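Encoded as structure tokens, the structure appears first; notes follow it.
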Amino acid sequence: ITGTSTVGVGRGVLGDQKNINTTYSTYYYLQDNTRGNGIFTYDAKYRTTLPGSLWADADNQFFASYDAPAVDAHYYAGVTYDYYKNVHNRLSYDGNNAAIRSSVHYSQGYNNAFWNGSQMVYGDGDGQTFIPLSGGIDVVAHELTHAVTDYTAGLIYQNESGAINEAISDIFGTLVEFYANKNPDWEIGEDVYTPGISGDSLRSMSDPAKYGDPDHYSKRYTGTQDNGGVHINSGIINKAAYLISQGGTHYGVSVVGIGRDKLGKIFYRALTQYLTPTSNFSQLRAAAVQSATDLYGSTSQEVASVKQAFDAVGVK
Ligand SMILES: O=C(O)C[C@H](NC(=O)OCc1ccccc1)C(=O)O
Ligand SMILES: [Ca+2]
Ligand SMILES: [Ca+2]
Ligand SMILES: [Ca+2]
Ligand SMILES: [Ca+2]
Ligand SMILES: [Zn+2]
């Protein structure tokens, strides 16, 4: 909507106070004009009709319980926009400053978040498996990264291409969490998962097998569940990415870590230049090796580490 850019204040899902960019026109709306062609947050009002209504507030103070998921969706979309712009020189998910739209309060008891082809959508959780899913910066960034994938490599959401799609969202979700620098880790979803259990998460990049996901190509899931295991076999790629950044010896194969910035550069260039809708794991290895070669040179440590990481997880 047309109005004047304002700055509101609120509390997120975890009870932390933050400022948010709003727009005033009779009401204060969750519309951030400071980034691209805007970031817009909507109320789905416990229904499944999307997007719902652009979030309106009478006083530009967002401290009600009902507000908290909106605050976080809106703020973390901004952080994610900033990461892609500042770190990768990418303007929004399409590279041309597309408006970023999110809806919160989707459905009832909904233990999921998603990118629907056009916008991000966040459940509230059931309060047992999840609390509102926008409370996780890694979750927000995971979802916005689906949009980046769809505009770039376009990895088909099944089997190996789908597992790469998933891993790319976990990787950049994690890199965004490190960019924001609040309790960062190589775990996925820990801020919003199981409020009754401390120290767990939905997936782990550092140790995918902790949560039953494969950490080696020989352990890949070959069935038909989960679109051919897209959230399962992502563990193989997540582990490779973790190793490229942090190093380690895995199944006897030693990898010299090169750190998160270089991981992000390698994978961003692979995603945007080399991967295609049908890329498989072997092709991702080649894309990453070529990307590291472009950036750092064929004889570089970075290239060597990429090869060792994919060797460690059994991807040739
Ligand atoms: O399964 C689905 O419908 C989509 C799936 N959503 C999903 O797993 O929602 C919760 C969550 C998302 C990211 C990180 C941690 C938790 C996806 O985004 O890949
Ligand atoms: Ca208010
Ligand atoms: Ca964390
Ligand atoms: Ca995390
Ligand atoms: Ca937990
Ligand atoms: Zn996903």
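The letter at position 215 of the sequence shown is residue 215 when you use the entry's author numbering, and the numbering goes up by one with no holes. Where a beta carbon is used, it is the ideal one built from N, C-alpha and C, also for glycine.
{"Check": "Residue range of the beta strand (DSSP E) that includes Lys18", "Outcome": "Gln17 to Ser25"}
{"Check": "Close-in-space but distant-in-sequence residues of the same chain around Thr272 (CB under 6 Å, 5 per side omitted)", "Outcome": "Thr152"}
{"Check": "Which residues DSSP lists as bridging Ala113, in chain order", "Outcome": "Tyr122"}
{"Check": "Within 9 Å, strictly: CB atoms of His105 and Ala44", "Outcome": "yes"}
{"Check": "Segment limits, alpha helix (DSSP H) that includes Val303", "Outcome": "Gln301 to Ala312"}
{"Check": "Residue from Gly12, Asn33, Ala309 and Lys85 with nearest C-alpha to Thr2", "Outcome": "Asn33"}
{"Check": "Coarse secondary structure for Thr129, derived from DSSP in three states", "Outcome": "coil"}
{"Check": "Inter-residue Cα distance where the pair is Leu284 and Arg220", "Outcome": "16 Å"}
{"Check": "Segment contact, 8 Å Cβ cut-off, at least three pairs: the segment 48-65 with the segment 88-97", "Outcome": "no"}
{"Check": "For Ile100, three-class secondary structure by DSSP", "Outcome": "strand"}
{"Check": "Nonlocal neighbours in the same chain, by C-beta distance under 7 Å from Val289, ignoring five residues either side", "Outcome": "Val303, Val306 and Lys307"}
{"Check": "For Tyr46, three-class secondary structure by DSSP", "Outcome": "coil"}
{"Check": "C-beta atoms of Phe62 and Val7 nearer than 9 Å", "Outcome": "no"}
{"Check": "Buried versus exposed, by CB contacts within 10 Å (16 or more), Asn233", "Outcome": "buried"}
{"Check": "DSSP state of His250 mapped onto helix, strand, coil", "Outcome": "strand"}
{"Check": "Same chain, Cβ closer than 6 Å to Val315, neighbours up to 5 away in sequence not counted", "Outcome": "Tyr217, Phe281 and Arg285"}
{"Check": "Neighbourhood of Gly297 by C-beta distance below 8 Å, restricted to the same chain and skipping five residues each side", "Outcome": "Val303"}
{"Check": "Distance between beta carbons of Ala309 and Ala240, contact taken as under 8 Å", "Outcome": "5 Å"}
{"Check": "Residues bridged to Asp57 (per DSSP)", "Outcome": "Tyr28"}
{"Check": "Nearest-angstrom Cα separation, counted from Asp200 out to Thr22", "Outcome": "34 Å"}
{"Check": "Buried versus exposed call for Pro214 [16 or more other C-beta atoms within 10 Å across all chains shown]", "Outcome": "buried"}
{"Check": "Chain-order list of residues whose beta-carbon lies under 6 Å from that of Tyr179 (same chain, five-residue window excluded)", "Outcome": "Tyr83"}
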